[PDB]
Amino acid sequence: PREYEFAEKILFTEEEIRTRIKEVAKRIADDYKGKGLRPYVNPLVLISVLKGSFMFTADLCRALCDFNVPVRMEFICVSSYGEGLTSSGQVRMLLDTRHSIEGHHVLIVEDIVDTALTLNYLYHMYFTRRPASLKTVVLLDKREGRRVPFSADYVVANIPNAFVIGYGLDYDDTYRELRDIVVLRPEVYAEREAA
């Protein structure tokens, strides 16, 4: 009984999404129980990629806190070199991390991986900085869309190819604030591209 005129259907309710986030966080806590994480000196660093991941991250890190996984939050932001071309997957860095990741355990946090061109690019970039470990967690995975092989370590949910909006995800910087992940109506998409 959350309803949206602009959406064909709902894919994931807030609650479904929170349940999966809890499951992903449990797994993470488990995979890192061996690594002796500690606040200040050795937290799991969450490199959250803006804007899309801002919501996922806010929910994810509280779920992580529930499993006593201590975390350091970093926020980066990158922008497309508006080509369409790019097989390097290259993006423009607009905000890089405040602290060194070297020797720390890092988790890159992203909202959507389809092509993985950009995630792969950012994985490689942060890998060459010699963190103790480096893994990826993604809100949505659209494996159908890969142009470079890449497996996220953690996945909240899989999706097919559609205009996916909400829960931080946007169409034209709109609809990020929805509590649910929903499928944008093609008519709404078409009407907005005319404008």
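All residue numbers refer to positions in the sequence shown, first residue = 1.
Visitor: For the higher mean C-alpha B factor in the entry, choose 176-184 or 5-13.
Guide: According to the entry, 5-13 carries the higher average C-alpha B-factor.
Visitor: 164-172 versus 26-34: which one carries the higher mean Cα B factor per the record?
Guide: Mean C-alpha B-factor is greater for 26-34.
Visitor: According to the deposited entry, which of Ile76, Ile101, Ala116, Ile108 has the largest Cα B-factor?
Guide: Largest recorded C-alpha B-factor: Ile101.
Visitor: Sorting the chain's CA B-factors, does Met93 end up in the lowest, middle or highest third?
Guide: It falls in the middle third of the chain.
Visitor: Quick check for you: using the entry's CA B-factors within this chain, is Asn158 in the lowest, middle or highest third?
Guide: It belongs to the middle third of the chain when residues are ordered by C-alpha B-factor.
Visitor: Within this chain's modelled residues, let me know which third the CA B factor of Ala152 belongs to: lowest, middle or highest.
Guide: It belongs to the lowest third of the chain when residues are ordered by C-alpha B-factor.
Visitor: Which third, lowest, middle or highest, does the CA B-factor of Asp66 fall in along this chain?
Guide: It belongs to the middle third of the chain when residues are ordered by C-alpha B-factor.
Visitor: In terms of the chain's CA B-factor thirds, is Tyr121 lowest, middle or highest?
Guide: Answer is lowest: the recorded C-alpha B-factor places it there.
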